[PDB]
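A quick write-up on the structure given underneath.
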Amino acid sequence: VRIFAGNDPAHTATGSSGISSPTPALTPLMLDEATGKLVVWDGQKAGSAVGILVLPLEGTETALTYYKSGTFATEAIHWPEXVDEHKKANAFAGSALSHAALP
Amino acid sequence: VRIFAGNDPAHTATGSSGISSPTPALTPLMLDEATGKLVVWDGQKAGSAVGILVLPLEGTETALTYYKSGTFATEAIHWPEXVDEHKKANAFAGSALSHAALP
Amino acid sequence: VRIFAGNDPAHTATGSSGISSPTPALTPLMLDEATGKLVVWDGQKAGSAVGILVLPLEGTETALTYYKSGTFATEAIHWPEXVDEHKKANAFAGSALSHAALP
């Protein structure tokens, strides 16, 4: 049940939430360009996951807390269904986040 | 007059500047895609602010210094006029920068 | 032969590789949007270099290791031929990476 796969500090940040339904912790997040808010990462593009949710949401919150850095265990993250294995590997590329198999 | 709202190290970087007028410190920056240079963040998109200016510019400089990490106090940053509250909250999402209300 | 130009920790990450030919260490990387894999940064856009290769590749590897943070010496990096001086200066803007002249 280990969440990290590396020792680099895992810093958190807050942001405006566009999530409108319950969402578990360790969900990757992306920006919604129409609103500028953070929503669940849809898996469509590598590099567009900009955060990993820290606290579960109920879907009513205007703000959320996310990890903006750290190295996560791949298996701990709640990935979107259907995600492409390469886009999953490189979900966070370009941010300070990364992930790796423990395994 | 506190500039930071968190303890994560605030690292700086240098970059090529496209700014041609005086600009105060703690201004968010974006890339200009036509030139590749750093300019003032226009507020149009969340996640496109890639830096926060460290030293004031006069507008003649070919290079600038910017913060590439850290957690800033929202009120300390010199935001662009008109900015959308959500795009402002998520200005830096995807970078190692973030900001929060002290308040 | 110094590779770093600053003291901020240089963290590494792994990612899915789309590189199919030998590639030296300290090569900047970008995402290929069609596949989601990491490939050599082509120099076309500032901010699209998301990593710097840590280990040389032979071109057969499905995964690679890259730096996701740190301040590099400009001269140590293996830049793409033809790169624009401004796009080169700002190659990594928006990531936790940066570079500077030692010189």
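We name chains A, B, ... following the order of the structure tokens; residues begin at 1 in each chain, and ligands are numbered from 1 as shown.
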Check: Which chain C residues are at most 10 Å from chain B (counting only C-alpha atoms), as number ranges by chain?
Finding: C: 6-8, 44-47, 69-71, 84-101
What would you get as a compact mmCIF listing (two decimals) with N, CA and C atoms, in the first residue's frame if chain B were moved onto chain A by least squares over all of its C-alpha atoms in order?
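Wrote out_24.txt, looks like this:
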# COMPACT_ATOMS: atom_id res chain seq x y z
N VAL B 1 0.83 -1.19 0.00
CA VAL B 1 0.00 0.00 0.00
C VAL B 1 0.87 1.26 0.00
N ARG B 2 2.11 1.10 -0.44
CA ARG B 2 3.08 2.18 -0.56
C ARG B 2 2.70 3.10 -1.71
N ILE B 3 2.70 4.41 -1.48
CA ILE B 3 2.24 5.33 -2.52
C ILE B 3 3.37 5.93 -3.32
N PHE B 4 4.56 6.02 -2.70
CA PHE B 4 5.72 6.59 -3.41
C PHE B 4 6.75 5.55 -3.85
N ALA B 5 7.41 5.82 -4.96
CA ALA B 5 8.41 4.96 -5.55
C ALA B 5 9.73 5.71 -5.71
N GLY B 6 9.94 6.72 -4.89
CA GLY B 6 11.16 7.53 -4.92
C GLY B 6 11.13 8.50 -3.74
N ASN B 7 12.32 9.02 -3.41
CA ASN B 7 12.49 9.86 -2.25
C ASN B 7 12.38 11.37 -2.46
N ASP B 8 12.23 11.84 -3.70
CA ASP B 8 12.14 13.27 -3.94
C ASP B 8 10.89 13.81 -3.29
N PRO B 9 11.02 14.97 -2.67
CA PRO B 9 9.87 15.53 -1.93
C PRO B 9 8.61 15.64 -2.77
N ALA B 10 7.51 15.24 -2.14
CA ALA B 10 6.22 15.32 -2.80
C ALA B 10 5.46 16.54 -2.28
N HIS B 11 5.63 17.67 -2.98
CA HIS B 11 4.99 18.90 -2.56
C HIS B 11 3.52 18.95 -3.01
N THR B 12 2.68 19.65 -2.26
CA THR B 12 1.28 19.82 -2.64
C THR B 12 0.96 21.25 -3.01
N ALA B 13 -0.17 21.42 -3.70
CA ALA B 13 -0.61 22.74 -4.17
C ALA B 13 -2.14 22.77 -4.13
N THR B 14 -2.72 23.95 -4.15
CA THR B 14 -4.18 24.00 -4.26
C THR B 14 -4.50 24.65 -5.60
N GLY B 15 -5.71 24.38 -6.06
CA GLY B 15 -6.14 24.82 -7.39
C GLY B 15 -7.66 24.84 -7.41
N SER B 16 -8.19 25.50 -8.43
CA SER B 16 -9.64 25.58 -8.63
C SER B 16 -10.13 24.28 -9.24
N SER B 17 -11.19 23.71 -8.68
CA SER B 17 -11.68 22.41 -9.11
C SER B 17 -12.87 22.53 -10.05
N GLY B 18 -12.85 21.76 -11.14
CA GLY B 18 -14.03 21.60 -11.98
C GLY B 18 -14.67 20.23 -11.83
N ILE B 19 -14.31 19.46 -10.81
CA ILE B 19 -14.80 18.10 -10.60
C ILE B 19 -16.17 18.15 -9.96
N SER B 20 -17.14 17.43 -10.56
CA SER B 20 -18.50 17.54 -10.02
C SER B 20 -19.08 16.22 -9.52
N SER B 21 -18.21 15.23 -9.32
CA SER B 21 -18.66 13.96 -8.77
C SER B 21 -17.57 13.41 -7.85
N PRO B 22 -17.92 12.49 -6.95
CA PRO B 22 -16.91 11.91 -6.07
C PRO B 22 -15.73 11.32 -6.84
N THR B 23 -14.55 11.60 -6.31
CA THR B 23 -13.30 11.25 -7.00
C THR B 23 -12.29 10.80 -5.95
N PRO B 24 -11.65 9.66 -6.11
CA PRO B 24 -10.78 9.21 -5.00
C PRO B 24 -9.42 9.89 -5.01
N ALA B 25 -8.75 9.82 -3.85
CA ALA B 25 -7.37 10.30 -3.82
C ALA B 25 -6.49 9.55 -4.81
N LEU B 26 -5.38 10.12 -5.22
CA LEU B 26 -4.39 9.58 -6.13
C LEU B 26 -4.95 9.46 -7.54
N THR B 27 -5.96 10.27 -7.86
CA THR B 27 -6.42 10.43 -9.24
C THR B 27 -5.62 11.46 -10.02
N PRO B 28 -5.05 11.17 -11.19
CA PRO B 28 -4.39 12.20 -11.97
C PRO B 28 -5.40 13.24 -12.50
N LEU B 29 -4.97 14.49 -12.53
CA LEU B 29 -5.73 15.66 -12.93
C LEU B 29 -5.16 16.33 -14.17
N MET B 30 -6.04 16.98 -14.94
CA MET B 30 -5.66 17.76 -16.12
C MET B 30 -6.38 19.10 -16.07
N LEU B 31 -5.96 20.05 -16.89
CA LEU B 31 -6.73 21.28 -16.97
C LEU B 31 -7.86 21.15 -18.00
N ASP B 32 -8.99 21.75 -17.68
CA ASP B 32 -10.08 21.89 -18.65
C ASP B 32 -9.90 23.22 -19.37
N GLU B 33 -9.59 23.31 -20.65
CA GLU B 33 -9.18 24.60 -21.24
C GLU B 33 -10.30 25.64 -21.28
N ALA B 34 -11.54 25.21 -21.44
CA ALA B 34 -12.75 26.02 -21.47
C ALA B 34 -12.97 26.80 -20.17
N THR B 35 -12.59 26.24 -19.03
CA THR B 35 -12.90 26.88 -17.76
C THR B 35 -11.63 27.25 -17.00
N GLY B 36 -10.55 26.56 -17.32
CA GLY B 36 -9.31 26.74 -16.58
C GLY B 36 -9.23 25.93 -15.30
N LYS B 37 -10.28 25.15 -15.03
CA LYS B 37 -10.33 24.38 -13.79
C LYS B 37 -9.68 23.04 -13.92
N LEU B 38 -9.35 22.44 -12.77
CA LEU B 38 -8.77 21.11 -12.76
C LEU B 38 -9.85 20.03 -12.76
N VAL B 39 -9.67 19.04 -13.66
CA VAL B 39 -10.63 17.94 -13.75
C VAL B 39 -9.85 16.64 -13.81
N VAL B 40 -10.56 15.52 -13.84
CA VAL B 40 -9.87 14.24 -13.96
C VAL B 40 -9.14 14.15 -15.30
N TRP B 41 -7.89 13.72 -15.28
CA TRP B 41 -7.13 13.42 -16.51
C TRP B 41 -7.83 12.33 -17.33
N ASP B 42 -8.08 12.58 -18.60
CA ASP B 42 -8.89 11.63 -19.40
C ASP B 42 -8.06 10.57 -20.10
N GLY B 43 -6.75 10.64 -19.95
CA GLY B 43 -5.87 9.69 -20.61
C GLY B 43 -5.58 10.04 -22.06
N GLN B 44 -6.10 11.12 -22.64
CA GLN B 44 -5.98 11.25 -24.11
C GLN B 44 -4.59 11.63 -24.59
N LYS B 45 -3.86 12.36 -23.76
CA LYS B 45 -2.55 12.87 -24.10
C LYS B 45 -1.53 12.70 -22.97
N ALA B 46 -0.37 12.18 -23.39
CA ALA B 46 0.77 12.23 -22.49
C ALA B 46 1.09 13.66 -22.13
N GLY B 47 1.55 13.87 -20.88
CA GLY B 47 2.05 15.19 -20.47
C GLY B 47 0.94 16.11 -20.04
N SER B 48 -0.33 15.74 -20.18
CA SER B 48 -1.40 16.69 -19.83
C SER B 48 -1.89 16.44 -18.40
N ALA B 49 -1.36 15.42 -17.71
CA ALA B 49 -1.71 15.23 -16.28
C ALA B 49 -0.79 16.17 -15.49
N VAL B 50 -1.37 17.15 -14.84
CA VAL B 50 -0.60 18.20 -14.17
C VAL B 50 -0.55 18.07 -12.66
N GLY B 51 -1.24 17.07 -12.13
CA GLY B 51 -1.33 16.94 -10.68
C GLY B 51 -1.89 15.58 -10.33
N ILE B 52 -1.75 15.20 -9.07
CA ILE B 52 -2.39 14.00 -8.55
C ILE B 52 -3.18 14.37 -7.31
N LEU B 53 -4.48 14.11 -7.32
CA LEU B 53 -5.33 14.53 -6.19
C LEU B 53 -4.85 13.95 -4.86
N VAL B 54 -4.74 14.76 -3.79
CA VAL B 54 -4.27 14.37 -2.47
C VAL B 54 -5.43 13.91 -1.57
N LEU B 55 -6.52 14.67 -1.58
CA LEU B 55 -7.70 14.35 -0.76
C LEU B 55 -8.88 13.92 -1.61
N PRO B 56 -9.68 12.94 -1.22
CA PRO B 56 -10.85 12.54 -2.03
C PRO B 56 -11.78 13.73 -2.17
N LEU B 57 -12.43 13.88 -3.32
CA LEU B 57 -13.45 14.89 -3.42
C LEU B 57 -14.84 14.25 -3.43
N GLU B 58 -15.82 15.02 -2.99
CA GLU B 58 -17.22 14.65 -3.05
C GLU B 58 -17.89 15.21 -4.29
N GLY B 59 -17.20 16.20 -4.87
CA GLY B 59 -17.77 16.77 -6.08
C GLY B 59 -18.43 18.11 -5.82
N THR B 60 -18.42 18.62 -4.60
CA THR B 60 -19.00 19.95 -4.36
C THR B 60 -17.97 21.05 -4.19
N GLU B 61 -16.69 20.67 -4.10
CA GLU B 61 -15.63 21.60 -3.71
C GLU B 61 -15.24 22.57 -4.80
N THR B 62 -15.02 23.83 -4.42
CA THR B 62 -14.54 24.80 -5.43
C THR B 62 -13.02 24.67 -5.51
N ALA B 63 -12.34 24.15 -4.48
CA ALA B 63 -10.87 24.04 -4.58
C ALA B 63 -10.44 22.62 -4.28
N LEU B 64 -9.27 22.24 -4.77
CA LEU B 64 -8.77 20.91 -4.41
C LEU B 64 -7.29 21.03 -4.04
N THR B 65 -6.77 19.95 -3.47
CA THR B 65 -5.36 19.87 -3.15
C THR B 65 -4.74 18.77 -4.00
N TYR B 66 -3.61 19.09 -4.62
CA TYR B 66 -2.94 18.10 -5.47
C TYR B 66 -1.44 18.07 -5.23
N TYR B 67 -0.84 16.92 -5.50
CA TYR B 67 0.61 16.82 -5.53
C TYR B 67 1.14 17.51 -6.79
N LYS B 68 2.16 18.33 -6.62
CA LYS B 68 2.77 19.01 -7.76
C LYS B 68 4.19 18.45 -7.94
N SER B 69 4.64 17.57 -7.06
CA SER B 69 5.94 16.93 -7.26
C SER B 69 5.95 15.56 -6.58
N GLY B 70 7.04 14.82 -6.83
CA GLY B 70 7.22 13.51 -6.24
C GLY B 70 7.28 12.38 -7.27
N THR B 71 7.68 11.20 -6.81
CA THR B 71 7.73 9.99 -7.62
C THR B 71 6.75 8.97 -7.05
N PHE B 72 5.69 8.65 -7.77
CA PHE B 72 4.62 7.80 -7.24
C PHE B 72 4.72 6.36 -7.68
N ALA B 73 4.17 5.43 -6.90
CA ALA B 73 4.08 4.04 -7.32
C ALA B 73 2.94 3.93 -8.33
N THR B 74 3.29 3.39 -9.49
CA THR B 74 2.31 3.30 -10.59
C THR B 74 1.02 2.65 -10.11
N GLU B 75 1.16 1.53 -9.36
CA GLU B 75 -0.02 0.79 -8.93
C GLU B 75 -0.88 1.53 -7.93
N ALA B 76 -0.34 2.57 -7.32
CA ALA B 76 -1.12 3.29 -6.29
C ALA B 76 -2.07 4.32 -6.91
N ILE B 77 -1.76 4.69 -8.14
CA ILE B 77 -2.52 5.78 -8.78
C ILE B 77 -3.82 5.24 -9.33
N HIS B 78 -4.89 6.02 -9.28
CA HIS B 78 -6.18 5.59 -9.84
C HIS B 78 -6.27 6.07 -11.29
N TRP B 79 -5.82 5.21 -12.18
CA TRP B 79 -5.75 5.56 -13.59
C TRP B 79 -7.11 5.55 -14.27
N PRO B 80 -7.30 6.37 -15.31
CA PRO B 80 -8.57 6.30 -16.04
C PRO B 80 -8.65 4.98 -16.82
N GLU B 81 -9.85 4.45 -16.92
CA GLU B 81 -10.11 3.27 -17.71
C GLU B 81 -9.67 3.51 -19.15
N UNK B 82 -9.16 2.50 -19.80
CA UNK B 82 -8.81 2.59 -21.22
C UNK B 82 -7.45 3.21 -21.51
N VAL B 83 -6.76 3.80 -20.53
CA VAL B 83 -5.55 4.53 -20.84
C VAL B 83 -4.49 3.69 -21.55
N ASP B 84 -3.91 4.33 -22.54
CA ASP B 84 -2.80 3.87 -23.35
C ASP B 84 -1.57 3.68 -22.49
N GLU B 85 -0.88 2.55 -22.61
CA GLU B 85 0.26 2.25 -21.73
C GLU B 85 1.37 3.27 -21.84
N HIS B 86 1.59 3.82 -23.03
CA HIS B 86 2.66 4.83 -23.18
C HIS B 86 2.24 6.18 -22.63
N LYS B 87 0.99 6.56 -22.91
CA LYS B 87 0.46 7.84 -22.40
C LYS B 87 0.38 7.77 -20.88
N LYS B 88 0.10 6.59 -20.33
CA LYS B 88 0.11 6.37 -18.88
C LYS B 88 1.53 6.53 -18.36
N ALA B 89 2.52 5.86 -18.96
CA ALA B 89 3.90 5.98 -18.51
C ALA B 89 4.33 7.44 -18.46
N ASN B 90 3.90 8.21 -19.49
CA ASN B 90 4.35 9.60 -19.65
C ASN B 90 3.26 10.61 -19.30
N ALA B 91 2.29 10.21 -18.47
CA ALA B 91 1.18 11.07 -18.08
C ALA B 91 1.64 12.44 -17.60
N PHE B 92 2.68 12.47 -16.78
CA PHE B 92 3.08 13.67 -16.09
C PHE B 92 4.33 14.31 -16.67
N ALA B 93 4.85 13.79 -17.79
CA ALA B 93 6.09 14.28 -18.35
C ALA B 93 5.99 15.77 -18.64
N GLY B 94 6.97 16.52 -18.14
CA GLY B 94 7.00 17.95 -18.27
C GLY B 94 6.68 18.63 -16.94
N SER B 95 6.05 17.94 -16.01
CA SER B 95 5.78 18.45 -14.65
C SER B 95 6.87 17.97 -13.70
N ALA B 96 6.78 18.24 -12.41
CA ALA B 96 7.77 17.71 -11.47
C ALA B 96 7.36 16.33 -10.95
N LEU B 97 6.23 15.80 -11.44
CA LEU B 97 5.74 14.49 -11.03
C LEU B 97 6.28 13.39 -11.95
N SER B 98 6.37 12.18 -11.41
CA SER B 98 6.69 11.01 -12.21
C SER B 98 6.15 9.80 -11.45
N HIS B 99 6.26 8.64 -12.10
CA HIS B 99 5.82 7.42 -11.42
C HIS B 99 6.61 6.25 -11.97
N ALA B 100 6.62 5.20 -11.14
CA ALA B 100 7.40 4.02 -11.51
C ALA B 100 6.80 2.80 -10.80
N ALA B 101 7.05 1.65 -11.40
CA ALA B 101 6.58 0.39 -10.84
C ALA B 101 7.38 0.03 -9.59
N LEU B 102 6.75 -0.36 -8.51
CA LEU B 102 7.53 -0.80 -7.34
C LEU B 102 8.36 -2.02 -7.64
N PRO B 103 7.83 -3.10 -8.18
CA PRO B 103 6.42 -3.34 -8.42
C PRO B 103 5.77 -3.99 -7.19
Check: Taking the backbone alone, and naming residues the way the document does, which bits of chain A are strand (DSSP E or B) by DSSP, as a ChimeraX atom specification?
Finding: /A:4,12-17,23,28-31,38-40,51-53,57,63-67,69-73,93,95-100
Grab the residues selected above and save them as a compact mmCIF listing (two decimals), in the first residue's frame with N, CA and C atoms.
# COMPACT_ATOMS: atom_id res chain seq x y z
N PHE A 4 4.56 6.02 -2.70
CA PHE A 4 5.72 6.59 -3.41
C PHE A 4 6.75 5.55 -3.85
N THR A 12 2.68 19.65 -2.26
CA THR A 12 1.28 19.82 -2.64
C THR A 12 0.96 21.25 -3.01
N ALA A 13 -0.17 21.42 -3.70
CA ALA A 13 -0.61 22.74 -4.17
C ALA A 13 -2.14 22.77 -4.13
N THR A 14 -2.72 23.95 -4.15
CA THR A 14 -4.18 24.00 -4.26
C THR A 14 -4.50 24.65 -5.60
N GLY A 15 -5.71 24.38 -6.06
CA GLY A 15 -6.14 24.82 -7.39
C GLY A 15 -7.66 24.84 -7.41
N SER A 16 -8.19 25.50 -8.43
CA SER A 16 -9.64 25.58 -8.63
C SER A 16 -10.13 24.28 -9.24
N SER A 17 -11.19 23.71 -8.68
CA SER A 17 -11.68 22.41 -9.11
C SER A 17 -12.87 22.53 -10.05
N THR A 23 -14.55 11.61 -6.31
CA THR A 23 -13.30 11.25 -7.00
C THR A 23 -12.29 10.80 -5.95
N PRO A 28 -5.05 11.17 -11.19
CA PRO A 28 -4.39 12.20 -11.97
C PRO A 28 -5.40 13.24 -12.50
N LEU A 29 -4.97 14.49 -12.53
CA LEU A 29 -5.73 15.66 -12.93
C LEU A 29 -5.16 16.33 -14.17
N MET A 30 -6.04 16.98 -14.94
CA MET A 30 -5.66 17.76 -16.12
C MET A 30 -6.38 19.10 -16.07
N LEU A 31 -5.96 20.05 -16.89
CA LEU A 31 -6.73 21.28 -16.97
C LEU A 31 -7.86 21.15 -18.00
N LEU A 38 -9.35 22.44 -12.77
CA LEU A 38 -8.77 21.11 -12.76
C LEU A 38 -9.85 20.03 -12.76
N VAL A 39 -9.67 19.04 -13.66
CA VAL A 39 -10.63 17.94 -13.75
C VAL A 39 -9.85 16.64 -13.81
N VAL A 40 -10.56 15.52 -13.84
CA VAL A 40 -9.87 14.24 -13.96
C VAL A 40 -9.14 14.15 -15.30
N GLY A 51 -1.24 17.07 -12.13
CA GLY A 51 -1.33 16.94 -10.68
C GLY A 51 -1.89 15.58 -10.33
N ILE A 52 -1.75 15.20 -9.07
CA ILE A 52 -2.39 14.00 -8.55
C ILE A 52 -3.18 14.37 -7.31
N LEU A 53 -4.48 14.11 -7.32
CA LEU A 53 -5.33 14.53 -6.19
C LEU A 53 -4.85 13.95 -4.86
N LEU A 57 -12.43 13.88 -3.32
CA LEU A 57 -13.45 14.89 -3.42
C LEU A 57 -14.84 14.25 -3.43
N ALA A 63 -12.34 24.15 -4.49
CA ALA A 63 -10.87 24.04 -4.58
C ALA A 63 -10.44 22.62 -4.28
N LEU A 64 -9.27 22.24 -4.77
CA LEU A 64 -8.77 20.90 -4.41
C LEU A 64 -7.29 21.03 -4.05
N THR A 65 -6.77 19.95 -3.47
CA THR A 65 -5.36 19.87 -3.15
C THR A 65 -4.74 18.77 -4.00
N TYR A 66 -3.61 19.09 -4.62
CA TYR A 66 -2.94 18.10 -5.47
C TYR A 66 -1.44 18.07 -5.23
N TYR A 67 -0.84 16.92 -5.50
CA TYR A 67 0.61 16.82 -5.53
C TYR A 67 1.14 17.51 -6.79
N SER A 69 4.64 17.57 -7.06
CA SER A 69 5.94 16.93 -7.26
C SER A 69 5.95 15.56 -6.58
N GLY A 70 7.04 14.82 -6.83
CA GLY A 70 7.22 13.51 -6.24
C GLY A 70 7.28 12.38 -7.27
N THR A 71 7.68 11.20 -6.81
CA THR A 71 7.73 9.99 -7.62
C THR A 71 6.75 8.97 -7.05
N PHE A 72 5.69 8.65 -7.77
CA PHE A 72 4.62 7.80 -7.24
C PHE A 72 4.72 6.36 -7.68
N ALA A 73 4.17 5.43 -6.90
CA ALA A 73 4.08 4.04 -7.32
C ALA A 73 2.94 3.93 -8.33
N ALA A 93 4.85 13.79 -17.79
CA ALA A 93 6.09 14.27 -18.35
C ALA A 93 5.99 15.77 -18.64
N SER A 95 6.05 17.94 -16.01
CA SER A 95 5.78 18.45 -14.65
C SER A 95 6.87 17.97 -13.70
N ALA A 96 6.78 18.24 -12.41
CA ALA A 96 7.77 17.71 -11.47
C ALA A 96 7.36 16.33 -10.95
N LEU A 97 6.23 15.80 -11.44
CA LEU A 97 5.74 14.49 -11.03
C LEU A 97 6.28 13.39 -11.95
N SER A 98 6.37 12.18 -11.41
CA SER A 98 6.69 11.01 -12.21
C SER A 98 6.15 9.80 -11.45
N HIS A 99 6.26 8.64 -12.10
CA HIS A 99 5.82 7.42 -11.42
C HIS A 99 6.61 6.25 -11.97
N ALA A 100 6.62 5.20 -11.14
CA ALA A 100 7.40 4.02 -11.51
C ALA A 100 6.80 2.80 -10.80
Next item on the list: Going by DSSP on the backbone, which bits of chain B are helix (DSSP H, G or I)? Write them as a list in words, please.
Entry: residues 74, 75, 76, 85, 86, 87, 88 and 89 of chain B
